[PDB]
Every structure is written in C-alpha cells, then in structure tokens.
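>>> Quick one, what's the 3D model for this:
(2 chains, ligands or ions: 1)
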Amino acid sequence: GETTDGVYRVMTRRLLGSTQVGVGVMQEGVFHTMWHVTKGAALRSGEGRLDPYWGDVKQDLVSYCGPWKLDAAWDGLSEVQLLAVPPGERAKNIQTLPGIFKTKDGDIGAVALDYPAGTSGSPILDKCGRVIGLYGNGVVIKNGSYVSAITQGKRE
Amino acid sequence: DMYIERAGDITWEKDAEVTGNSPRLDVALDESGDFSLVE
Ligand SMILES: O=C(Nc1ccc2c(c1)CNC2)c1cccc2[nH]cnc12
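Numbers count the residues shown, from 1 in each chain, chains lettered A, B, ... in the order given. The coordinates are given below.
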C-alpha cells in the first residue's frame, strides 16, 4: 500500500476502539520501528502487507520489507528534534539538548522528554532532518519521568 | 492485527518548542533490551 517516506502511526483494533501502540519511519521502502511496539508481528498498510525482515530484542529495533536503512548519528554536541507523534495528537517537533547514558560498552545519546508509551518509534532528527535514532527505550528516573535513549540501528 | 497510518514528513522545523534537560545517567542494558539505573 502506502510506501511514501515519512513518519507513521502503528495502530491496533484488537483492544477497545483503535489504539495507537507506537510509531515508525518509512525510508527507502523499509518501515523502521521499535521491537516492543510490534513484537515482530506483520503489519498492514491499507490493502498491502509488510513482513518483518530484521529484528533484535536487545537493540529493541525491527525493520519491515528490507534491511535497516537509518544510519545518521548524534554528533555529541548539537540540539536535536524529537518528532513526537503522540496518541490522538498531531505530529510535533520538540527541540532538546540530549544527555548521555553511560554504559559498560560506551555512551549513548538520551533525550529527556516524557511522552506516552504509544509514542515509541517516533524519530529523533539532526539539523539536516536525518533520523539519528528512535525514541522509546530508556529508563525511569527518581522523578517518575522517562528519559529515552537515541536508539539507532546498523546499516549493513 | 496491526496497521500503519501516515502522520507527516520528517523535517527539521525552525523555531520549534525548545524544552527538556540533558542528564548524564549511569545505566545497564540487559539481554531483554531493558535499561536500568546503576547507582
Ligand atoms: O516502556 C516503554 N518502553 C519499552 C517497553 C517495553 C520494552 C522496551 C521499552 C524495551 N524492552 C521491552 C516506554 C516507552 C516510551 C515512553 C515511556 N514512558 C514510560 N515507559 C515508556
């Protein structure tokens, strides 16, 4: 069905009414989202069908129709934009300076913006509009708020 | 059964709402892909 580049909502009719469970990026004929949004299930795009192609629970990423295409990275200095697509609400750009998740395997950029769980998969962009990662996998700090990593895949 | 709906273009928007802080957090990532706070 609709394979135009852009941000899309991931919906389900299994629960009451139509519920937004997440968001994703369509680029170069491949749909990119977070693993916990779909659990690797097939997706529908109008009459068409999107089948999973690659996925990994630890990275929390999954691609449909082809290999992961997104490969831009946060420069470690500049502000970024979370292109938040919240449930029932219009897509909206939020500018922030990312923090840092320090891990035993290196550091990852992290955006401290609190949004509903159904916002998972919303892309994080650089000043060029390139997708540097997806929002939706992070941690819950002392305050009760959510701080998400800038999760990026690998372009083979 | 899940489906997708277009929500917009991926573009940087000049003069967007500038919010959120930049914290440095010590985290751990487990095999299930879940982060946790290391203190
Ligand atoms: O819970 C969230 N994300 C998530 C769920 C399940 C899994 C993973 C991440 C990775 N392993 C499986 C979440 C995402 C976005 C905003 C949030 N506010 C409060 N929690 C969240």
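>>> how about the residues of chain A near the ligand?
When proximity is defined by C-beta under 6 Å from any ligand atom, chain A lies next to the ligand at A:36, A:60, A:115, A:117, A:119, A:120, A:136, A:137, A:146. Quick note: C-beta positions are derived from backbone N, CA and C, even for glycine.
>>> and the last one, how far is that from chain B?
So that's residue A:146. Using C-beta to the nearest C-beta, to the nearest Å, one obtains 10 Å as the distance from residue A:146 to chain B.
>>> For that residue, list each beta-bridge partner.
Here residue A:146 sits in beta bridges with residue A:140, going by DSSP bridges.
>>> That one against residue A:140, yeah?
Yes - with contacts counted by C-beta atoms under 8 Å, residue A:146 reaches residue A:140, the gap being 5.9 Å.
>>> These two: which is more packed in?
residue A:146 (20 against 13; other C-beta atoms under 10 Å in any protein chain shown).
>>> who's in contact with residue 20?
Unless you meant another one, I'm taking chain A. A:9, A:10, A:11, A:87, A:88, A:118 (C-beta atoms under 8 Å, 6 or more residues apart in numbering or on different chains).
>>> My question was about chain B, not that one.
If a contact means C-beta under 8 Å, 6+ apart, then residue B:20 has A:94, A:96, A:97, A:111, A:112, A:113 as its contacts.
>>> Just give me the longest strand of chain A.
Across chain A, the strand with the greatest residue count (assigned by DSSP state E) is strand A:19-27.
>>> Now do the buried residues in that strand.
In terms of neighbour count (16 or more other C-beta atoms under 10 Å in any protein chain shown), strand A:19-27 has its buried residues at A:20, A:21, A:22, A:23, A:24, A:25, A:26, A:27.
>>> and chain B, which of its residues are near chain A?
Taking C-beta under 8 Å from any C-beta of the partner chain as the contact definition, chain B meets chain A at B:1-13, B:16-29, B:31-33, B:35-37.
>>> so what's the residue positioned nearest the centre of chain A up against?
The central residue of chain A, meaning the one whose C-alpha is nearest the mean C-alpha position (C-alpha atoms, centre = their mean), is residue A:121 at 2.2 Å. Taking C-beta under 8 Å, 6+ apart as the definition of contact, the neighbours of residue A:121 are A:10, A:22, A:23, A:24, A:25, A:32, A:33, A:34, A:37, A:134, A:135, A:136.
>>> Cheers, nothing more for now.
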